[PDB]
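Peer 1: A structural model of the following input is requested.
(2 chains)
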Amino acid sequence: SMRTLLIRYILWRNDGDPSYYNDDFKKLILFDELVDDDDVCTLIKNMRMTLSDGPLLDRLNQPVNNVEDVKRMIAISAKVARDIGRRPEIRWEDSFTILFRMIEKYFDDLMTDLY
Amino acid sequence: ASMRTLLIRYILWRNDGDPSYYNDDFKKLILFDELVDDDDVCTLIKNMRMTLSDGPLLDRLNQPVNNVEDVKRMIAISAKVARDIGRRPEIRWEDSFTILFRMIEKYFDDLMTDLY
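Peer 2: Numbers count the residues shown, from 1 in each chain, chains lettered A, B, ... in the order given. Please find the structure below.
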């Protein structure tokens, strides 16, 4: 389940808790190269995020046409999740709804690329 | 501590049973399983009219959520339902967690008091 893997991965990028580290995350961390750290606060402002939002990727109005675009969206989710801080108000369910709507069609292409 | 992150991690682990995703943070949550009989679970699943692409749809159960003890039952139902529906990729966890957190978030403070 790419749903299960990606939820676990983003939540771990958010809290950085080493007791929730998993080897399954290693190939996902490599996608970080697709996003510059210095653009993160720009991506956050473009998604008009409040303190109670996770990544709201649909608000970037960037197309998802292929597996490379999925990797970028995962990378944006990871770095945003990283920089917004370990905060209880974050409505992760809304963030994952948006993410999976945008990328689920390419789950097949993603699993081929990972494995 | 985010009850959202703990509970997502906990239910996903009750769904796949993957021992590399076990965490000690789950021990106190496992004890809530006593609030739900294994024999009732298939009945709760049928009542929620769940398809293969549904996680727990707790709002369909017509059960009351008025205190922290009721939250513990809802978490326990989530766990045993997540357990019995199988490790299937089509499960729309985001919809399931939306319903769960809508139902229980107001009691997060009472929950964290009971856990700690």
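Peer 1: so the closest residue in space to residue A:64 that isn't next to it in sequence, which state does it fall into?
Peer 2: Nearest non-adjacent residue to residue A:64, counting by CB to CB, 6 or more residues apart in numbering or on different chains: residue A:102, 5.2 Å away. Bear in mind the C-beta positions are built from the backbone N, C-alpha and C, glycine included. With DSSP: H, G, I helix; E, B strand; the rest coil as the basis, residue A:102 sits in helix.
Peer 1: kindly report the residues of chain A close to chain B.
Peer 2: A:1-4, A:7-8, A:11, A:14-15, A:19-20, A:22-24, A:86-88, A:90-94, A:96-97, A:100, A:107 (CB under 8 Å from any CB of the partner chain).
Peer 1: assign a three-state SS to the residue nearest to residue A:114 when sequence neighbours are not counted, would you?
Peer 2: Residue nearest to residue A:114 in three dimensions, not counting chain neighbours: residue A:27, with 5.2 Å by CB to CB, 6+ apart. The three-state label given to residue A:27 by three-state DSSP is helix.
Peer 1: ok, residue A:27 - how many residues close by?
Peer 2: Using other CB atoms under 10 Å in any protein chain shown, residue A:27 is surrounded by 13 other residues.
Peer 1: can you tell me how far it sits from residue A:54?
Peer 2: 22 Å (CB to CB, to the nearest Å).
Peer 1: ok, the spatially most central residue of chain A - contacts?
Peer 2: Centroid-nearest residue in chain A: residue A:77, 2.4 Å away (criterion: CA atoms, centre = their mean). By CB atoms under 8 Å, 6 or more residues apart in numbering or on different chains, residue A:77 lies in contact with A:6, A:10, A:13, A:54-55, A:57, A:95, A:99.
Peer 1: distance of it from residue B:43?
Peer 2: Taking CB to CB, one finds residue A:77 at 38 Å from residue B:43.
Peer 1: could you do residue A:104 as well?
Peer 2: Between residue A:104 and residue B:43 the distance is 31 Å, computed by CB to CB.
Peer 1: mind checking the SS state of residue A:86?
Peer 2: Three-state call for residue A:86 (three-state DSSP): coil.
Peer 1: can you tell me the closest non-neighbouring residue to it?
Peer 2: Residue A:86's closest residue in space is residue A:15 (CB to CB, 6+ apart), at 4.9 Å.
Peer 1: how about stretch A:37-57: buried residues?
Peer 2: For stretch A:37-57, burial by neighbour count (16 or more other CB atoms under 10 Å in any protein chain shown) applies to A:40, A:43-44, A:47, A:49, A:53-57.
Peer 1: nice, that's everything, thank you.
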